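Shown here is one chain on its own, the form deposited in one PDB entry, set out as structure tokens.
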């Protein structure tokens, strides 16, 4: 007899986690399609509940922007927490990347700069709302169709000067965050965005740990299977600089000369 059951029709599963799943659903009264995550409700008062609620609070402030997915509603049922957000019809950036890997045709420089600029505009909004994302990666960027890239998955979002941080994907994690130096949190999103663009440019699967992981955190870009301009490659390289203060801010990124050609 639930709200979820009565107001929506499920069309297809689009996501799966440890204690939840995501469906593409049509809402019965308005006719429109939504992505609805349904997750097991955490125990009352726990730090898990506070974590889950930061995500609801994050969407409810961060969704006004064109490069963050819109939020529509969140509610608790008996044992479940639901979040109804915008459905992006083009899927994740990760699935596009996987397809591109198989066929040997990747995002070209002009598409990579458009990716960098659009997600950079989304981070710029996030950062000006006094928040950081903390988990930028291709599986958390979604595609609507020109192409529009939108940040989703707000489950690591925290305030910009937070003393406590749940770190995101190991493949995209800056070293300073791993060492618990949270002085420059916005520059973790910049570091992760750089390696997101490297993935899109056709790189091999990034390391989770080991020597190559440390190689990258020296400021070395992984091998990219295509010719990029030197100034674009150097923008990416400084975005993974070991000093986070040397990496550009999201405002400096969107105003960058290299990205002036991509500005719509």
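Numbering follows the first chain given and starts at 1. Just so we're on the same page, rigid core means the largest C-alpha set that superposes within 1.5 Å between forms.
Separately, the form deposited in another entry exists; it is not shown, and the next lines address it.
For the residue set 215, 204, 49, 234, core-aligned C-alpha shifts between the shown form and the other one reach 2 angstroms or more at a single site, 49. Annotation for residue 33: C-alpha shift under 2 angstroms between the shown form and the other one, rigid core superposed. With a cut-off of 2 Å and the rigid core superposed, residue 224 has a Cα displacement that falls short of the cut-off between the shown form and the other one.
Superposition on the rigid core between the shown form and the other one places the CA atom of residue 98 less than 2 Å from its counterpart. Relative to this conformation, a decrease of 3 Å or more in the Cα-Cα distance between residue 153 and residue 47 is found in the other entry. In the other entry, the CA atoms of residue 46 and residue 136 draw together by 3 angstroms or more relative to this form.
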